[PDB]
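Peer 1: One structure is given below, represented as structure tokens, and several questions about it will come after.
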Amino acid sequence: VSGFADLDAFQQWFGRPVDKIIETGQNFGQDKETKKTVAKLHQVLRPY
């Protein structure tokens, strides 16, 4: 058992702050949640 990620769990991972916030650009620069999700994604996928 070396499972890493699940599709539905990845949907639950962050969730809306990775899909709908890009269209509403007034919040991506505000860094309420977009910056944290971007940093988490960079941390988790850059090695891979």
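Chain identifiers are assigned as A, B, and so on, following the order in which chains appear in the structure tokens; residues are numbered from 1 within each chain, and ligands are numbered from 1 in order of appearance.
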If you run DSSP on the backbone here, which positions in stretch 4-48 of chain A get helix (DSSP H, G or I)? Please write them as a PyMOL selection string.
Peer 2: chain A and resi 7-12+16-18+25-28+34-45
Peer 1: Any idea what's packed within 6 Å of stretch 16-19 of chain A, counting only C-alpha atoms, ignoring anything in its chain fewer than 2 positions away? Could you give it as a list in words?
Peer 2: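 Contacts, in chain order: residues 14, 21 and 34 of chain A.
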Peer 1: How many Å separate atom CA of residue A:32 from atom CA of residue A:20?
Peer 2: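 It comes out at 13.5 Å.
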Peer 1: Mind checking which residues fall within 12 Å of stretch 44-47 of chain A, counting only C-alpha atoms, ignoring those fewer than 6 positions away in the same chain, and posting them as a VMD selection string?
Peer 2: chain A and resid 4 to 5 13 37 to 38
Peer 1: Please produce a file of those selected residues containing C-alpha atoms, as an mmCIF file, in the first residue's frame.
Peer 2:
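After the write, part_34.cif holds the following:
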```
data_model
loop_
_atom_site.group_PDB
_atom_site.id
_atom_site.type_symbol
_atom_site.label_atom_id
_atom_site.label_comp_id
_atom_site.auth_asym_id
_atom_site.auth_seq_id
_atom_site.Cartn_x
_atom_site.Cartn_y
_atom_site.Cartn_z
ATOM 1 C CA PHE A 4 -0.609 8.846 -2.690
ATOM 2 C CA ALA A 5 -3.686 10.747 -3.904
ATOM 3 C CA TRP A 13 -8.250 19.167 -1.491
ATOM 4 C CA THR A 37 -3.248 26.794 -2.288
ATOM 5 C CA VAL A 38 -0.602 27.824 -4.832
#
```
Peer 1: If I take atom CA of residue A:15 and atom CA of residue A:3, how far is one from the other in Å, to one decimal?
Peer 2: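 Rounded to one decimal, the two atoms are 20.4 Å apart.
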Peer 1: Distance atom CA of residue A:7-atom CA of residue A:48, one decimal place?
Peer 2: 17.0 Å
